[PDB]
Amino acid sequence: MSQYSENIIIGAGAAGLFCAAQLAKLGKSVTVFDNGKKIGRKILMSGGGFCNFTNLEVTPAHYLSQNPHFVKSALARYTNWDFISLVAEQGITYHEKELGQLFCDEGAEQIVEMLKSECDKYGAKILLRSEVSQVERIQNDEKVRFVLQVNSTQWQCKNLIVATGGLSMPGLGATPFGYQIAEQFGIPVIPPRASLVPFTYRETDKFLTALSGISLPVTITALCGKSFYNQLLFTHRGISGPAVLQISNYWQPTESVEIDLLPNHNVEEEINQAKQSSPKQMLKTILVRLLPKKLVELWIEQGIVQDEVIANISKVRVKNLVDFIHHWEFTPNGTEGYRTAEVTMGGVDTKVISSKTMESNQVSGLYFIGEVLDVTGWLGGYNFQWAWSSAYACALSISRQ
């Protein structure tokens, strides 16, 4: 057996499925291989089961990359609105959760269903339980530029689109195959790291484990200056939540994070209003009215915060408390693994890839789309949008040959 398909796609995920659909729709033959048992396994998990498919405010600045000028082209070619429009026209209902985030009303199944439907509608063939391996480059054959082993059959193609994703969720089928193919052809890869992931506590902060389950709004600021205002969640392992997941993109191993527990109010102003309006009251009572009761109690049960009458508090101790709550210098021991991480930072170096095409500069006929590229977006549907955009730029480019 020796099959052929002008276009082969490795990975039946967000980027793979969408690209396969665009190609069939533009009238090109394409086959998709996937080591998994079902298509779009991560799409089904995204957005807590409803799929945060994009965000109303998308710009290149919502993406992390060694190469800042990369993302702009594909994002402007196929926009968040081009997809929002495809979704609505496709009969899918969605709503805005917060911060421009858009989710499906009827679950992530809608997105996966729409993708699989477009592919069936235009001719794309999807083969599951097919793990790709042994990719070889062919040089003389004008019709065959690549050969590869899928199970026991050898496939041949003119264009090979790599949409294998990143490393998070290994139990879901995640593979480094995309990087392995790149490295085999001498294509540079930026060292991958788990991102949009929780932080783990060092020994000195382990006592905060007692706060597990508690949640509050804070502002997290990374050493590079980036800030995010959102919810922070105390865990058994460390700290998590939207604010933490967001800042893990800008945080670097060995680095510290600046956490403001009371971003909202101006503690001193308040502590003073209570110093006049309640000279009798305890510090603990004024504090619990601002922060979670159990956190305030823990600082006390740890002797970190003295509980005295508002009146018996020197203006200097009031200013040390204020700085203490607004400037918590947190140094995580590290990050949780790829089993919790939402994405993977790093990947194929985007400077050797085409900004307009997604095609490899070093190896013609080889394309990289999706998360495998060194393009990581913010939490909030940005990662899926990059998948739609890069998959489209690739398909549109190939249809033009």
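Quick note: we count residues from 1 along the sequence shown, nothing fancier.
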query: Stretch with the higher entry mean CA B-factor, where the candidates are 317-325 and 243-251; finding: 317-325
query: Segment of higher mean CA temperature factor, 82-90 or 261-269; finding: 261-269
query: Residue with maximal Cα B-factor (values as given in the PDB entry) among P176, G100, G303, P198; finding: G303
query: Given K226, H95, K294, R145, the residue at which the Cα B factor reaches its maximum; finding: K294
query: Modelled-residue ranking by C-alpha temperature factor, third containing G213; finding: middle
query: Cα B factor band for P192 (lowest, middle or highest third within the chain); finding: middle
query: Entry-reported Cα temperature factor of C104, expressed as the chain third it lands in; finding: middle
query: Ranked against its chain, the third holding the CA B-factor of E336; finding: middle
query: Ranked against its chain, the third holding the CA B-factor of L26; finding: highest
